[PDB]
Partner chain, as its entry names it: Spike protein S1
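The form deposited without the partner chain is given below as one chain in C-alpha cells.
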C-alpha cells in the first residue's frame, strides 16, 4: 500500500544482506591485517568489492523513497544515510583516475625512502628510519637532513598528483552541490532540520577560530618556554624572538612536541611517573594489561569484554611465522564480534593505549543497540575523544596506585603536577595550532583562496603566523610539504584532532563532576563512578541516531564545543609558564628564519 510501507520493506531487506556482507568484509580485512598474504589480500579485495557493489546499487534504489513522504524518523535517518552515502556522481572515467591518484600517493608515502647523499645504498624509510632520527636525534644537521630529504625527494613526487587530486575531489564535491571538498568535509558536523540542535558547515570554521583565539595565549607561553630551552640545547641555531625551526620539534612535522620533554622538563631532579619498570618487576603481560583495562570499564558500570574478544583478538605480535599490521586498532566486525589488534609491549605507553583502544570497543558495543546504518560515533571527533578520556584517568597517580603500579608512598607535589601538565601540553596543546593551520591551508586550497603558484608560499606564511614554526630551507612550488603527512596524502580529514581535543576535556569535566572529584581536573579518575559510566553510556548508546549537538549535550549540558574545560585543565601550568617566561620573549617574528 503506502510508500512508507515499501520503505520498511526496502530497509529490512537491505539490513539483512548488509549485516552479512559487512561481516564477510570486516572478517577478511581482519585476516589480512593479522596475517598479510596474497590470498588474504584477495579475499579482502573480493569482499570489499561485493559490499561496495551492494551499497552502490542499494543507495540508488533508496532514492525511490523521498524523505519528505517518510513519517518514521528511525526509518528516515536510515534512508538518508543510504541516499547521501554510497554515491559518487563523479564519472567512472575520472573516479578510476582518482582511485589511482589516491593509491599512488598512498604508495609513495609508505614506499619512498631517502638514500644518504653520503651512503652508497643505505636507504632510510620514514618508518622506522627517518622517524627514529626525527624523535631521538639531538643533532641539528642530521634532523635537518632527514626533514629536508623527506620533503624534497618524496613530497616533490606528490605535488603533481595532489594538484590533480584537488581538481577531481572538487568536481566530486560540487556534483553533490557542496561549494568545495573542504565544505563536504565540514559536512560531517552538519545538523540541519533538528530544531534547536542544528549546526551549519560555516559555523564550524567560526567556532574553530573563536576557540583557537582563546588558546593562543597558552600556546604562546608554551612556545616561548620551549624556545628558551631549545636555545640551551641548540645554542647558535635558534633566534630568541623567531619561529621554532621545523626540524627541531621532536617528530617529522612537529604534529606533537612530545619528544622535547627531556629538553624542556621543568624539574628534572624529580621522579618520572613512568611505571614501565613496575609493570616488568610484577611480570605484567599483554593479558594483564588488557584485563586491567576491562576492570576499569567494569568499575564505571560498563560491560565486560565478550568471550570472542579474548579468543579472536591479537594482543601480541605473532613472530616471524606470521605478518601482522602492528598499528593498534579496535575492531567492530559486526554480529557481536569485537576484536583489538595490538602488538602490546609491557610499557606504560601501551598500558594507556590499551585503555584508549578498549574505549572504542565500549563505544562500538554500546551502539550495537542501534540499527546498522546508525552504528557510528556522533561525529569524526567523538570516537577519538572517547579513547582519550580513558587514557586521561588511567594515567593519573590515583589510578596507578589503585592498581599497584605506583608505591602507596609516591610524592605527588607541585613540581610533579607541573611536569605532567607540561608533558601533556607538549602533546595536546602543541598539536592544536599545527592541526588548525593544516586544515585551514587545505580548506583554502579547496575553496580556491590559494593559487597553485602560492601553495607552498602560503603554507610557510601560515606556519609562521599561526604555528610559530619556520622552515630551515626555502621551499619552492616544486614541493608539496602538506602531503608529506600521512593524512594529507591518504585523503583524510584532520580537524577531527582539534574537535576531539575540546570534546575530550568537555567530557572529562562532566564525568569528574558526575564522579564528584575534589581537586584539579588533571588528577581525576572516574574509575569507580557508575554515575560517570552511566552518563557516558547514554551517549555511547546513541551512536549516530541523534545530532552530535544533542549527543554532546547529554554528556556535558551544552550543545557546542567549548575551550574552558581544556584551559581549566592546564591552568596551573599556564600560570607557571607566565611566571617562568617573565625574563624571556613571548611572541614571534614571523620573518626570522635560520636561512636569513
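Numbering follows the first chain given and starts at 1. The term rigid core refers to the most C-alpha atoms you can superpose between the two forms while keeping them within 1.5 Å.
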- Item | Between 379-387 and 73-81 (mean CA B-factor, as deposited), the higher | 73-81
- When the C-alpha temperature factors are averaged for each of 196-204 and 151-159, which stretch ends up with the higher value in the entry? 151-159
- Item | Residue selected from 88, 427, 307, 299 by maximal Cα B factor | 88
- In the PDB entry, which of 164, 213, 311, 364 has its C-alpha at the highest B-factor? 164
- Message: Among the modelled residues of this chain, does the Cα B factor of residue 540 put it in the lowest, middle or highest third?
- Response: lowest
- Message: Using only modelled residues of the chain, where does the Cα B factor of residue 406 rank: lowest third, middle third or highest third?
- Response: middle
- Note on the structure: By the entry's values, the third containing the CA B factor of residue 221 is the middle
- On the chain's distribution of Cα B-factors, residue 15 falls within the third called lowest
- Query: Based on the entry's values, in what third of the chain does the Cα temperature factor of residue 522 lie: lowest, middle or highest?
  - Reply: middle
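We do not show the form deposited with the partner chain bound, though everything after this point is about it.
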- Among 155-163, 476-484, 220-228, 332-340, which stretch has residues whose heavy atoms lie within 4.5 Å of the partner chain in the deposited bound form? 332-340
- Query: Which of 396, 424, 312, 259 has a heavy atom within 4.5 Å of the partner chain in the deposited bound form?
  - Reply: 312
- Message: When the partner chain is placed as it is in the deposited bound form, are 276, 320 and 322 each within 4.5 Å of it, taking any non-hydrogen atom of the residue?
- Response: no
- Message: At 4.5 Å between heavy atoms, is residue 23 in contact with the partner chain in the deposited bound form?
- Response: yes
- May I ask you to state whether residue 576 is within 4.5 Å of the partner chain in the deposited bound form, using heavy atom distances? no
- Message: Contact with the partner chain in the deposited bound form for residue 584, defined as at least one heavy atom pair within 4.5 Å: yes or no?
- Response: no
- Just to confirm, residue 27 within 4.5 Å of the partner chain in the deposited bound form by heavy atoms? yes
- Give, in sequence order, every residue of 1-21 that has a heavy atom within 4.5 Å of the partner chain in the deposited bound form, or say none if there are no such residues. 1, 6, 9, 10, 12, 13, 16, 17, 19, 20
- Message: Shifts of 2 Å or more at the CA atom, core superposed, between this form and the one not shown: which of the listed residues 487, 156, 356, 458 is the one?
- Response: 356
- Any chance the CA of residue 236 moves 2 angstroms or more between this form and the one not shown, core superposed? no
- After the core is overlaid between this form and the one not shown, has the C-alpha of residue 48 moved by 2 angstroms or more? yes
- Task: Compare the position of the CA of residue 24 between this form and the one not shown after a rigid core fit and state whether the shift reaches 2 Å.
- Result: yes
